[PDB]
Every structure is written in C-alpha cells, then in structure tokens.
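Notes follow once the structure below has been shown.
Please note: Cβ atoms are built from the backbone with ideal geometry, for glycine as well, and neighbour counts cover all protein chains shown. Throughout, read-outs are computed from the coordinates displayed, never taken from laboratory work.
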Amino acid sequence: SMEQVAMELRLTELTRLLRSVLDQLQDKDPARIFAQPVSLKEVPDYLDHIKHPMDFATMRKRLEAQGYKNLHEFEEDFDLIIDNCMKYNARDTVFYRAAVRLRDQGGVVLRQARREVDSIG
C-alpha cells in the first residue's frame with residue numbers, strides 16, 4: 001500500500017538522522033574504548049556481570065538494518081554502553097572516566113536530536 005511505503009520512508013529518514021547522531025556520539029570516544037564488544041576471550045566473566053552488553057559496532061549493525069523504530073530505542077542502547085561500563089569498572093579507571101565524558105558530551109547531541117525528530121515528525 002501507499003501508507004506502508006510512506007511509513008517505510010519515515011523509517012529511512014529516521015535511520016539517516018540516527019546515523020548522523022551515531023557518528024557525532026562516536027566522535028566523543030576518541031580512544032575507541034566503546035567501538036567494539038567487550039571480548040569474552042579477554043574478559044571471560046563479563047556476562048556474569050553485564051546482562052545486556054552494548055557497543056558502537058553493535059549499534060551500527062542494528063541501525064543499518066533499520067532496526068531502531070524511534071529515538072528512545074537508540075538512546076536505550078547508547079545508555080547501555082555507558083551504564084555497563086560504569087558498573088563493571090571502578091571510578092578510578094580510564095574506562096569509567098571515558099564513559100562519564102561520553103555521557104556528558106553525548107547529552108548535548110541527543111538534546112538536539114530529540115528536537116529534530118519531533119520537529120520533522
């Protein structure tokens with residue numbers, strides 16, 4: 001139907017906007033600490049601690065399949081990246097500290113993303 005096509009176009013357009021958001025957030029991780037999944041070869045107990053792992057590569061896979069239906073779903077995955085890191089790692093670590101800085105810098109980008117998503121519909 002035409003209604004289904006129009007809904008598909010809206011999802012494609014959201015996908016384009018989320019890809020720009022993802023690129024902007026990932027620039028706030030210049031050390032690439034969050035670029036890839038925590039390796040279970042290297043951190044074999046990770047899944048005993050963290051029940052829903054997340055990372056930027058995994059979000060990019062989901063995004064390119066158009067698997068984010070709305071900005072809430074995308075933000076949920078970004079907050080998992082931060083929140084997982086701040087539980088597994090202590091305050092005095094480069095990991096924890098990178099997550100704080102990504103959270104603080106990302107909030108700015110996400111504040112305007114929410115306005116754009118709402119504005120454009």
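Tabulated data for the structure shown
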item: Exclusive hit being crowded, with 16+ Cβ neighbours inside 10 Å and out of contact with any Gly (no Cβ under 7 Å at 6 or more places or on another chain), set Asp23, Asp27, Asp77, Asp45; result: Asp77
item: Residue among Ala35, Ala31 that alone is outside any helix (DSSP H, G or I) and in contact (Cβ under 8 Å) with a residue 40 or more places away in the chain; result: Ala31
item: Residues satisfying the stated conditions in segment 50-63, i.e. closer than 14 Å to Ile81 by Cα and more than 10 Å from the chain's Cα centre (by Cα); result: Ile50, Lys51, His52, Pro53
item: Positions within segment 27-49 being in contact with a helix residue (DSSP H, G or I) (Cβ under 8 Å, 6 or more places away or on another chain) and within 15 Å of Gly106 (Cβ to Cβ), in sequence order; result: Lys28, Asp29, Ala31, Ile33, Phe34, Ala35
item: Residue, farthest from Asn89 (Cα to Cα), within segment 38-69, restricted to residues that are among the hydrophobic types (A, V, I, L, M, F, W, C), assigned to a helix (DSSP H, G or I) and touching a residue at least 12 places away in the same chain (Cβ under 8 Å); result: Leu63
item: The lone exception for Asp77 - which of (1) closer than 30 Å to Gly121 by Cα; (2) in contact (Cβ under 8 Å) with a residue 60 or more places away in the chain it fails; result: (2)
item: Verdict on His72 being of a type outside the set (A, V, I, L, M), under 30 Å from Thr12 (Cα atoms) and without any contact (Cβ under 8 Å) to a residue 40 or more places away in the chain; result: yes
item: Subset of segment 63-72 [surrounded by 14 or more Cβ atoms within 10 Å (Cβ to Cβ) and of a type outside the set (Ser, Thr, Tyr)]; result: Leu63, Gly67, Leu71
